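Below is one structure, written out as structure tokens, with a few remarks after it.
2 protein chains.
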Amino acid sequence: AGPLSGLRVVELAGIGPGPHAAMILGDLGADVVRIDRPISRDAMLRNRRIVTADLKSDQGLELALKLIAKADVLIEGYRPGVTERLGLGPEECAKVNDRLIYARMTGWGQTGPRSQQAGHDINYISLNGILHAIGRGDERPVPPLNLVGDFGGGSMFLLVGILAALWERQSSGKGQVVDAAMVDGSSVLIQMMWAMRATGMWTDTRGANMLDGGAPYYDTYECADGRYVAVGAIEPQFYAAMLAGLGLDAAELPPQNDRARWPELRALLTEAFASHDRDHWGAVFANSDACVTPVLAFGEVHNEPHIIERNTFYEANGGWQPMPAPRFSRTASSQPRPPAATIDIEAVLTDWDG
Amino acid sequence: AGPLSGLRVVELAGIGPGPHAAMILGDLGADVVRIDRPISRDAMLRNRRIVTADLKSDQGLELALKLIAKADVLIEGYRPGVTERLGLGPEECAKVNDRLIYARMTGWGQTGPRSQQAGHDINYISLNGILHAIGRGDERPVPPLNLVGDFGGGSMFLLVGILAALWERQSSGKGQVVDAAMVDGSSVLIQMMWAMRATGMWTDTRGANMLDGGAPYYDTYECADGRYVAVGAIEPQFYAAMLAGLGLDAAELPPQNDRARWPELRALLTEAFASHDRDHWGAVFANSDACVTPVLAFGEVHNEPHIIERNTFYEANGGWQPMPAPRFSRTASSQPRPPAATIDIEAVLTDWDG
Ligand SMILES: CC(=O)SCCNC(=O)CCNC(=O)[C@H](O)C(C)(C)COP(=O)(O)OP(=O)(O)OC[C@H]1O[C@@H](n2cnc3c(N)ncnc32)[C@H](O)[C@@H]1OP(=O)(O)O
Ligand SMILES: CC(=O)SCCNC(=O)CCNC(=O)[C@H](O)C(C)(C)COP(=O)(O)OP(=O)(O)OC[C@H]1O[C@@H](n2cnc3c(N)ncnc32)[C@H](O)[C@@H]1OP(=O)(O)O
């Protein structure tokens, strides 16, 4: 029902970024067929059809190749050489379908000294300077969950690659291979810090920068109730609006960007915010441009008016799940279909006419 | 040169997610024309043509509309209502070009109680449970830079939106509006934690989970020299390789997933890692599946063999910048063109034939 209605996707069951890129294609209307090893409660596996095949057997190889022959996109997320050894490498796939967008999701990439090494999100962002930049300066770096490598710089770059190559396909009539390494994607994800490094606007020192928690106007504060607000008041008119709401006289404060007095500045904002609870500050800074919001825990998210009003989440046995993103005015995505029982691979083949 | 060679993009000069989405389109071959208010050192503005226009004047509005008439994609990142009041809203653009992908990059979205409020990355991820999930449990949440809202759940979803709509356009012959809200994108980026919350595999407690730094096998460790390694050894066989490298007898340790004894497990791993420098562990683990990697600071990234060999970065003027991601086997992206002087808008219009 969304913009990708009609798009045929073969996903080889993996973990992390592959199934997340595959979910997003399904979210937006694609026909995604997932092949697993010979009814799921993982909501990530929404908007698929699940089939099963031993890719190491002659029948399973044959069936999967017949499935790939009728597809637009193949997603795989194993080590380089794995699909090759199975007989499902790009050159074998090309033989039965040269319109195929062959999408390879890895952390290290297809080649290079580490391309055969095991790893996960934390490893990939450790090697490109990202992880070192995250957390408080007086402590060892903290992982930003797996948002940066696996998803932000992983699956999202796989999708761009995939859709980019489909655009190319319109003029050339041919697919190709998408080499999507989390180490690359995440670097492009963080290109802003690389730009700013070159002009003296970002330093290698952890938690001493504008957007890393070093700036008293770009950080969380703890309130009277042990809960938190986020302050994001970069621009001076926003910062001023923020001080107005706190009832602080600007003339009694250090300048916003005098870094030499940032501890003094923070101590004064800390005292201010500590004086009431989080919900007080949401009432105080209601419609304002102060860039002050409540830090909601996952469980409170569904009670937030802006979240509710725009239907950012829907309920699915177990709890809340995010609606497809982004939104489309003419071809709107549907609410995601729940994970369902495994179906017969043959049924899909007839459906796809193969 | 890359997959998106031929694609025409008009970017209305903004900040954060908009310019980054437009950068990535340029990286991949797109013809990107950026309109600013009446030669840049910001490497984010690579792969552009820069022109200038007062959109509030008759002349400037006319010229911009002539430019938009000839484009495939318009990127704007202002408050909802701004383009409208300029005469550049979707319904005006539709008049001159109904094939236009009109891409609206916001934090709050186009509608809702907060849609007119100022904000930055920290605010958008604060309202959807993400920011609360980030940092050590004994401390107030820390911002994961602006990686998750602006970029991972912002620009990246704008891109997917844009390219998805271009796919739709091939059958329908029409464009539409992409509503890309960082509050939506970032939720879908974190869909995994929402899936796991539903099945008891994720909790709302900060720093007490498998991927947030609560797991001793999924965290950084400080070494003898004050530098760090990242451990990512989730799977038992990797965890085992990790222990072998450390010279640790598994029989003398608590089980890997005995959470009750995670403090005791971490104290033993801490003592082990602290005994040598980062690069010793660099060496001992450089080759195995132990999921142990050095935590590199931005400045030392360009010296890492895997980074060097795959050309993840190029030097621009001054320092290193990331190469286009992902990679394409047939239509490879070029090295990005540096920011250049502003060019006259007329010249572009003749080029585009408008
Ligand atoms: C959410 C997260 O935390 S994930 C973080 C991101 N990690 C990644 O996915 C990065 C890229 N991938 C990898 O590095 C690796 O695949 C790892 C580390 C995840 C896993 O490593 P391993 O499981 O040891 O190796 P790998 O996944 O490459 O091999 C999978 C095997 O299953 C086989 N296999 C897969 N599907 C099937 C099937 N349907 N039938 C039969 N065999 C199958 C493959 O042929 C392969 O066997 P082989 O090793 O004999 O060739
Ligand atoms: C790097 C970072 O961390 S940034 C974080 C990214 N997130 C965001 O900021 C969200 C993005 N969207 C927004 O909410 C907003 O654009 C903000 C809050 C960033 C900034 O808002 P403001 O600076 O107050 O301006 P706003 O976007 O409302 O409007 C732009 C103004 O410039 C004017 N303008 C824009 N282009 C032109 C032009 N070429 N010629 C003349 N005027 C122009 C518009 O008329 C408008 O003025 P108006 O409000 O009088 O109509």
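Chains B and A supply the protein sequences, listed in that same order. All the letters of the first sequence, read from the start, carry residue numbers 2 to 39, 45 to 360 under PDB author numbering. All the letters of the second sequence, read from the start, carry residue numbers 2 to 39, 45 to 360 under PDB author numbering. Just so you know, even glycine gets a beta-carbon here, dropped at the ideal spot from N, CA and C.
Spatial neighbours of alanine 14 of chain A in its own chain (CB-CB distance under 8 Å, excluding positions within 5 residues in sequence) are listed in chain order as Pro20, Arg35, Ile36, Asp37, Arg38. The three-state reading of DSSP puts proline 4 of chain B in coil, since its state is none of H, G, I, E or B. In this structure, the alpha-carbon of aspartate 210 of chain A lies about 12 Å from that of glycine 141 of chain A. Distances between the C-beta of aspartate 156 of chain B and the heavy atoms of ligand 1 include at least one below 8 Å. For a Cβ distance threshold of 9 Å, residue set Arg316, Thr318, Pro328, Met329, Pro330, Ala331, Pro332, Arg333 of chain B lies close to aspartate 190 of chain A, ordered along the chain. Boundaries of the alpha helix (DSSP H) around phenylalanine 163 of chain A: 162-178.
Using beta-carbon distances, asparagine 293 of chain A counts as an interface residue toward chain B, with a partner under 9 Å. DSSP, reduced to helix, strand and coil, places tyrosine 320 of chain A within a strand of the structure shown.
Neighbours of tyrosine 224 of chain B across chain A, judged by C-beta separation under 8 Å: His126, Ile128, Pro149.
Interface residue (Cβ-Cβ distance to chain B less than 9 Å): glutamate 174 of chain A is classified as such.
The DSSP-derived three-state label of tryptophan 268 of chain B is helix. Relative to the Cα of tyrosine 84 of chain B, the nearest Cα in the group B:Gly115, B:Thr348, B:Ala322 belongs to B:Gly115. Between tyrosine 234 of chain B and chain A, the shortest Cβ-Cβ separation is below 9 Å. Counting the other CB atoms within 10 Å of its CB gives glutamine 122 of chain B a total below 16, which places it among the exposed residues.
Using a Cβ-Cβ cut-off of 8 Å, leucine 164 of chain A is close to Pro332 of chain B, given in chain order. Using a 10 angstroms sphere on the CB of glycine 238 of chain B, the tally of other CB atoms reaches 16 or more, which defines it as buried.
Identification of residues in the segment 255-267 of chain A having a C-beta nearer than 8 Å to some C-beta of chain B yields an empty set. Residue ranges of uninterrupted beta strand (DSSP E) with 3 or more members, entirely inside the segment 274-339 of chain A and ordered along the chain, are 298-300, 319-321, 326-328. Set against 8 Å, the gap from the CB of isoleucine 36 of chain A to the closest heavy atom of ligand 2 is smaller.
If you look at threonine 89 of chain B, you'll find it in the alpha helix (DSSP H) that goes 88-92. Distance from the CA atom of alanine 77 of chain A to the CA atom of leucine 8 of chain A, rounded to whole angstroms, is 8 Å.
Contact check for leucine 172 of chain A against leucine 195 of chain B fails: the beta carbons are separated by 9 Å or more. Annotation: the continuous alpha helix (DSSP H) that includes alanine 22 of chain B extends over 18-28. At a cut-off of 8 Å, the beta-carbon of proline 18 of chain A counts as near ligand 2: some heavy atom of the ligand is closer than that. In this structure, the CA atom of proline 260 of chain B is about 8 Å from the CA atom of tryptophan 268 of chain B. Taking 9 Å as the cut-off, the beta carbon of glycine 143 of chain A is found no closer than this to the beta carbon of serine 192 of chain A.
Within 8 Å of the C-beta of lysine 72 of chain B there is not a single heavy atom belonging to ligand 1. When 7 Å is used as the limit between beta carbons, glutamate 310 of chain B is near these residues of chain A: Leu133, in chain order. For the set A:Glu145, A:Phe304, A:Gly251, A:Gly220, the Cα lying nearest the Cα of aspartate 225 of chain B is the one of A:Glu145. The C-beta separation of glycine 324 of chain B from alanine 204 of chain A comes to about 3 Å, placing the pair in contact by the 8 Å criterion.
Listed in chain order, the positions of the segment 63-87 of chain A with a beta carbon within less than 8 Å of a beta carbon of chain B would be empty, since no residue qualifies. Ligand 1 approaches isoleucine 240 of chain A closely enough that one of its heavy atoms is under 8 Å from the residue's Cβ. Just so you know, the alpha carbons of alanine 124 of chain A and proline 86 of chain A end up roughly 11 Å apart. Cα atoms of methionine 207 of chain A and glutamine 327 of chain B: separation of roughly 15 Å, rounded to the nearest angstrom. Boundaries around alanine 204 of chain A are those of the alpha helix (DSSP H), 197-204, since no beta strand (DSSP E) includes it. Ranked by how close their Cα comes to the Cα of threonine 299 of chain A, the residues B:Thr117, B:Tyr130, B:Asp156 have B:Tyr130 in first place.
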